[PDB]
Amino acid sequence: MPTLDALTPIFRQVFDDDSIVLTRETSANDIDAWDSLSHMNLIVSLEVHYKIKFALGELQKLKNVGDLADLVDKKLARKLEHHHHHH
């Protein structure tokens, strides 16, 4: 799981910042900037970049960036399962 490493440039890009460093405990409550619209911006960035699919049921489980570290890596595990399509 090399996810938080890979995700830090992504979250810094979406939320347009330099001081954002990802930890498993960091959430929207830690980032005054992160709201519904910016959360959707975050997920669609993961959709295009890593080609990975999140379900709103899994968004119910995404309380922190640690939950993203899990989810992103599980989707990347589904990318080792030979179904490759670009965005």
# chains A, B, ... in the order shown; residues from 1 in each chain; ligands from 1
$ select_by_dssp --residues "chain A" --states "helix (DSSP H, G or I)" --output "PyMOL selection string"
chain A and resi 3-14+28-30+36-49+56-59+65-80
$ residues_around --residues "range 55-61 of chain A" --least-positions-apart "2" --cutoff "10 Å" --atoms "only C-alpha atoms" --output "list in words"
residues 39, 43, 53, 63, 64, 67, 68 and 71 of chain A
$ write_last_selection --atoms "C-alpha atoms" --output "short mmCIF file (atom, residue, chain, number, x, y, z; two decimals), in the first residue's frame"
data_model
loop_
_atom_site.label_atom_id
_atom_site.label_comp_id
_atom_site.auth_asym_id
_atom_site.auth_seq_id
_atom_site.Cartn_x
_atom_site.Cartn_y
_atom_site.Cartn_z
CA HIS A 39 -14.96 15.84 -2.20
CA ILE A 43 -12.94 11.27 -6.14
CA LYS A 53 -14.03 3.27 -9.37
CA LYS A 63 -14.33 9.21 6.76
CA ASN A 64 -10.56 9.91 6.42
CA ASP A 67 -9.93 5.05 4.37
CA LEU A 68 -8.86 6.38 0.90
CA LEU A 71 -9.87 1.95 -0.86
#
$ residues_around --residues "range 24-31 of chain A" --least-positions-apart "2" --cutoff "10 Å" --atoms "only C-alpha atoms" --output "number ranges by chain"
A: 4, 15, 20-22, 33-36, 38-39, 62-70
$ write_last_selection --atoms "N, CA and C atoms" --output "tab-separated table (two decimals), in the first residue's frame"
chain	number	residue	atom	x	y	z
A	4	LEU	N	-0.87	6.74	0.29
A	4	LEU	CA	-0.73	8.12	0.86
A	4	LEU	C	0.38	8.92	0.15
A	15	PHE	N	-7.31	20.46	-4.00
A	15	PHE	CA	-7.60	21.49	-2.99
A	15	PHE	C	-6.66	22.70	-3.13
A	20	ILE	N	-0.76	20.81	2.73
A	20	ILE	CA	-1.51	19.55	2.92
A	20	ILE	C	-0.56	18.35	2.79
A	21	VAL	N	-0.34	17.65	3.91
A	21	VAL	CA	0.41	16.39	3.96
A	21	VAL	C	-0.57	15.34	4.47
A	22	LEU	N	-0.74	14.25	3.73
A	22	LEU	CA	-1.73	13.24	4.06
A	22	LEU	C	-1.24	12.30	5.17
A	33	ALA	N	-11.83	23.93	3.51
A	33	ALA	CA	-11.62	23.98	2.03
A	33	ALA	C	-12.36	22.79	1.41
A	34	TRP	N	-12.24	21.64	2.09
A	34	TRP	CA	-12.85	20.37	1.70
A	34	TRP	C	-14.35	20.40	2.06
A	35	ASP	N	-15.21	20.35	1.05
A	35	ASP	CA	-16.67	20.28	1.22
A	35	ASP	C	-17.22	19.22	0.25
A	36	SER	N	-18.56	19.13	0.10
A	36	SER	CA	-19.25	18.19	-0.83
A	36	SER	C	-18.70	18.28	-2.27
A	38	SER	N	-15.88	19.73	-3.41
A	38	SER	CA	-14.42	19.45	-3.46
A	38	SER	C	-14.11	17.96	-3.21
A	39	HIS	N	-15.01	17.30	-2.47
A	39	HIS	CA	-14.96	15.84	-2.20
A	39	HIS	C	-15.25	15.06	-3.49
A	62	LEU	N	-15.69	6.19	3.71
A	62	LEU	CA	-14.54	7.11	3.51
A	62	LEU	C	-14.65	8.31	4.46
A	63	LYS	N	-14.29	8.12	5.75
A	63	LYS	CA	-14.33	9.21	6.76
A	63	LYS	C	-13.01	10.00	6.72
A	64	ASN	N	-11.91	9.31	6.43
A	64	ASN	CA	-10.56	9.91	6.42
A	64	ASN	C	-9.81	9.49	5.16
A	65	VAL	N	-8.64	10.12	4.95
A	65	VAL	CA	-7.70	9.81	3.86
A	65	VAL	C	-7.03	8.43	4.09
A	66	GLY	N	-7.10	7.94	5.34
A	66	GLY	CA	-6.68	6.57	5.67
A	66	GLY	C	-7.60	5.53	5.06
A	67	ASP	N	-8.90	5.86	5.05
A	67	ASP	CA	-9.93	5.05	4.37
A	67	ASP	C	-9.71	5.08	2.86
A	68	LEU	N	-9.29	6.26	2.32
A	68	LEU	CA	-8.86	6.38	0.90
A	68	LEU	C	-7.61	5.54	0.64
A	69	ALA	N	-6.67	5.51	1.59
A	69	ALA	CA	-5.42	4.73	1.45
A	69	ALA	C	-5.74	3.24	1.23
A	70	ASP	N	-6.73	2.76	2.02
A	70	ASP	CA	-7.27	1.40	1.91
A	70	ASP	C	-7.95	1.20	0.56
$ closest_residue --among "A:9, A:16, A:23, A:51" --to "residue 73 in chain A" --atoms "only C-alpha atoms"
A:51
$ atom_distance --atom1 "CA of residue 49 in chain A" --atom2 "CA of residue 3 in chain A"
12.9 Å
$ closest_residue --among "A:83, A:42, A:37, A:32" --to "residue 11 in chain A" --atoms "only C-alpha atoms"
A:42
$ closest_residue --among "A:14, A:19, A:2, A:76" --to "residue 50 in chain A" --atoms "only C-alpha atoms"
A:76
$ atom_distance --atom1 "CA of residue 5 in chain A" --atom2 "CA of residue 52 in chain A"
16.7 Å
$ closest_residue --among "A:77, A:82, A:13, A:6" --to "residue 45 in chain A" --atoms "only C-alpha atoms"
A:13
$ closest_residue --among "A:8, A:48, A:54, A:75" --to "residue 87 in chain A" --atoms "only C-alpha atoms"
A:48
$ closest_residue --among "A:78, A:40, A:46, A:86" --to "residue 10 in chain A" --atoms "only C-alpha atoms"
A:46
